[PDB]
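Please find one structure pasted underneath; my questions will follow.
Chain IDs A, B, C, D, E and F follow the sequence of writing; residue 1 opens each chain.
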Amino acid sequence: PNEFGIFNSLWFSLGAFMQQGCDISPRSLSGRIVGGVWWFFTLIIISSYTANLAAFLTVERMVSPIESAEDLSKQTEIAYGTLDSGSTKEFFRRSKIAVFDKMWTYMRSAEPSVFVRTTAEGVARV
Amino acid sequence: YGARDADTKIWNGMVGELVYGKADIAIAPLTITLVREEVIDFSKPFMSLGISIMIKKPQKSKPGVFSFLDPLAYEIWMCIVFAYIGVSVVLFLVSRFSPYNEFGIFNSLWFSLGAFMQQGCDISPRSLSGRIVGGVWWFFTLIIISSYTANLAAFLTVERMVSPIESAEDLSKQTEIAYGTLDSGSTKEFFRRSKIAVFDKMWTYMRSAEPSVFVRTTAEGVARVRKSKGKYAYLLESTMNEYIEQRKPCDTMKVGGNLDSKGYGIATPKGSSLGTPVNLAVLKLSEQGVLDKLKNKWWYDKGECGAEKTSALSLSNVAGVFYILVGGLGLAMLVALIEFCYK
Amino acid sequence: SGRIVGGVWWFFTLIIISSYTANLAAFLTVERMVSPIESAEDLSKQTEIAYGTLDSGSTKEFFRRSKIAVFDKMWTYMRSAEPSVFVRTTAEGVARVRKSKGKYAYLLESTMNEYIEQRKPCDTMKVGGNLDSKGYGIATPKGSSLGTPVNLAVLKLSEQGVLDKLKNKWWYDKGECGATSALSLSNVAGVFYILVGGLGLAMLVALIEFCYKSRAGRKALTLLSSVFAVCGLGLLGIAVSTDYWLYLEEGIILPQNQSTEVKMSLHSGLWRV
Amino acid sequence: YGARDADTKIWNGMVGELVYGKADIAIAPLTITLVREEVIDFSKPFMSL
Amino acid sequence: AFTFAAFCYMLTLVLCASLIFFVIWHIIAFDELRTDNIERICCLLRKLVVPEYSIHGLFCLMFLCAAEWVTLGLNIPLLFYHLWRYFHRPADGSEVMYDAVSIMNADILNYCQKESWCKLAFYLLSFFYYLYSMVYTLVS
Amino acid sequence: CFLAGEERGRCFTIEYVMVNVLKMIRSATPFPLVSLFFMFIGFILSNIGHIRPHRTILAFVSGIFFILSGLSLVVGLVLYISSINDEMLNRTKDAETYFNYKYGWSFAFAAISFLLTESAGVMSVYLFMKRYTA
């Protein structure tokens, strides 16, 4: 001891999920618990939508593309290799520079083989 | 590796081939001990090591039911609840005594719940003194919800996994993670005759616990680390512990420091002509960084393990809000049943 | 005319409350990205914490002679750095760690590092593993009758835990020090103070309404709108005609107990500098 | 602790008192070194660091 | 430093400031009852007393959750007196159930006036006991 | 029931086979059975309210078993989905493999069945308010 039929209850709960609700408010204690735990539901969900979207847009902003050989020597998640013969493979084999000795150490021990046989094969793998 | 028999008094292994003439030098991982020094001659240690701890490498660590409360500490959430009733009583005392009402204790628990959940309200206080209670609880709400979201956005941006064990003092202070050595050997013998403060605590655990914490083979102990989801810590030498960490998969991890100090030596028979120049050779290879360079090559530069894209929230992360919701729906249907009986 | 002022104030608070949450989420994320030093490769990459050794000895000669990649990088940084990162005494290098607020690291032996960690003041800590591996030995004159029983005594004391018992006695048992990712109460403590202070202020107003309701024009507002308009002409009239608007300094710091020397201190106005 | 002066080829400190007979033993934080092992006899390490 | 226990002492200085105002208003209404009055001092007192229990009933459930067992212990003698005046001696009334139903029986006047100075002696000591352990837990 | 990887036509049951998620779906098993029980109680007490309309309370009490069933779907479907994602997470992350879980037409039929017995719950309570006012 209504204003709370099923089409005003689908409008109270829709106004409570969007956090927009000006309408009638529940007056019974049994109607204010259901109105109360639904308000705590949407406070967690809308704060989880914004915080997971801010985690996506931040990680998508941290992404630095490769623009050096020191970026390839640190990031061991993009594989890199040379041709199976020639001056390019013999460059890293003979090198005593720090970033190039690190790149030859990665390429000489990597499964599967990062060394292609033809230039058209290496462009194909990219 | 070499052990004097208790009955025949005959050395076996690599010690037995240097005592009995079948070899001239043992360039091998041969532990410098007391009973071997009496029969052969070691060099200075080319590798220093000890007993270390191998745990499973930690993971994303699946949520509980009340994992949604975690962006704020549990001390804050209790301060939120008691300040909720704390501002509801003061709404009641101010609006009843010296009125302007509509703000009894059941409407003061509903204004403050509507204010914290940012759902607005239906009634607002009309006196000055009722609008200072309502006006400051609005500012309290604005800082807590904005710091719930901001601390949640920090957690989902930066994954930061912590290991529960960072010392062997910490293994002694718990019974959740069961730790065990090999069934025999020097690590088994170390905890038996130790007397420090802690390795006596760690030995009374291992000798009595059911099931048997002692594995039979090192490969059995590594498998028991990988197949116990973070409940088994295998105590072993810090050279195998750093190498199995670099094999495939990347499932294991070395934690803490070493527990004792021992070394690996290059052995010669007692009286050999090699015993002096090999002793001077190890100290050349140490100070020129050759032994360090050979260790980086075989443990790390030939290590199979080396050394993003934020995923959607799974239902497991926020499942406990659905439990409280339906649990708050059924708790609301009980109160109407008692409301229908009482009236 | 009342809905435009209600409308541009609603757009004001939508930007400000979204700027409070987004700047707080930028603080708590950057404070979560902070990785402390736990290796020498973390010092070789992060060239914002300075690090040095003693001016002589085995530690400085270790990096000078090293052909390992991470140690050649550390010697290249230390040999060319302004000012000099090399201290002269061990007590000088511990002093520079304690007065540089975390911007200086000191490279020393592992047994002084675990000892100064356990002595007052408890300012410093040992991070990472050892960079090389050497040892301390008991020495004999190369032709003695004593070097072999001492050699068998050290290996007996090591296996009876006496060398580990004596190390715990002098480093830790005679030591002087000891031995959550969620938001704490200490960060949001002041919003509980204003809450409690806002409830006690509002019960004070509930008295002096109740005393005012129970007990009970143009002359006041003529008096009040004059003294506030004179002091409005006053306090702005002094302010625009004075020269104390902007206290500005452009000094420089020294890394010597934070010695401070100003060079461009100033106080400005709209017409005087 | 002990070092050879490159001019005089002489030892000063605790390695000096073992080579030149003043001491019979040195229980001390003495680092096992190549240039010291040639002139005196170290034991096994009692402390690794 | 600020902690959860130190907040439970801040939150009870503010509410015991109302509990002393329940008692300053309780000694005046019986003093004006002897000078004159029944049916108005029926109703004006009867509204006051149930707020005095549940505010103190908050403190019993607030220091229970704060793990302050000495502070919960000193509120126990005021608590179990308060259950006796409602569960066993309710002064029947057939309504809000306190000092309305009969007034001038002249024996309950002596009991209320001893109670009216026993409440003020407890609350003014409770105000400085709560103010001490506030400042104790903030400094410690 | 397996297919296309060691394609055994033998449909193994859940108790006579031994993957940890197959024990995790046992935790979400009783709630689609409490759901099916309350729909059956709500239906047999709904036809009694059609053949004996002299006591009207047969319709509203059967409306509650329609809705207490649907709340047992939601807890059941949250428990079923959350037990999947917990065991998709407690696995060795290896970039040379892949994993793929999907849902089928039996998971969909329990989901649409939530919509129809909450619709039957609303229509039973509106039916009680037509009978009681007459």
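Convention: contacts are C-beta pairs under 8 Å (C-beta built on N, C-alpha and C of every residue); 3 or more make two chains touch, one makes a residue touch a chain.
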| item | value |
| --- | --- |
| B-C compared against C-E, more contacting pairs | B-C |
| Centre distance in Å when chain A and chain F are each reduced to the mean of their C-alpha atoms | 33 |
| Whole-Å gap separating chain D and chain E, where each centre is the average of the chain's CA atoms | 83 |
| Where chain B and chain D are represented by their mean Cα positions, the distance between them in whole Å | 44 |
| Two or more partner chains touched - positions in chain D | 32, 42, 44-45, 47-48 |
| Multi-chain contact sites of chain E, meaning residues that touch two or more partners | 3-4, 7, 11, 14, 18 |
| Chain-to-chain touches, reported pairwise for every pair that qualifies | A-B, A-C, B-C, B-D, B-E, B-F, C-D, C-E |
| List of chain B residues in touch with chain E within their complex | 75, 78-79, 82-83, 85-86, 89-90, 92-93, 96 |
| Chain C residues touching chain B - in the complex, by the definition given at the top | 17, 20-22, 24-25, 27-29, 31-33, 65-68, 132-135, 151-152, 155-156, 158-159, 161, 163-165, 168, 180-185, 187-188, 191-192, 194-195, 198-199, 201-203, 205-207, 209-210, 213 |
| Partner chain D, residues of chain B touching it in the complex | 32, 37, 42, 44-45, 48, 261, 263, 279-280, 283-284, 286-287 |
| Residues of chain E that touch chain B when the two form their complex | 3-4, 7-8, 11, 14-15, 18, 51, 55, 58, 62, 65 |
| Touching residues on chain D, where the partner in the complex is chain C | 14-15, 18-19, 21, 23-32, 36, 39-49 |
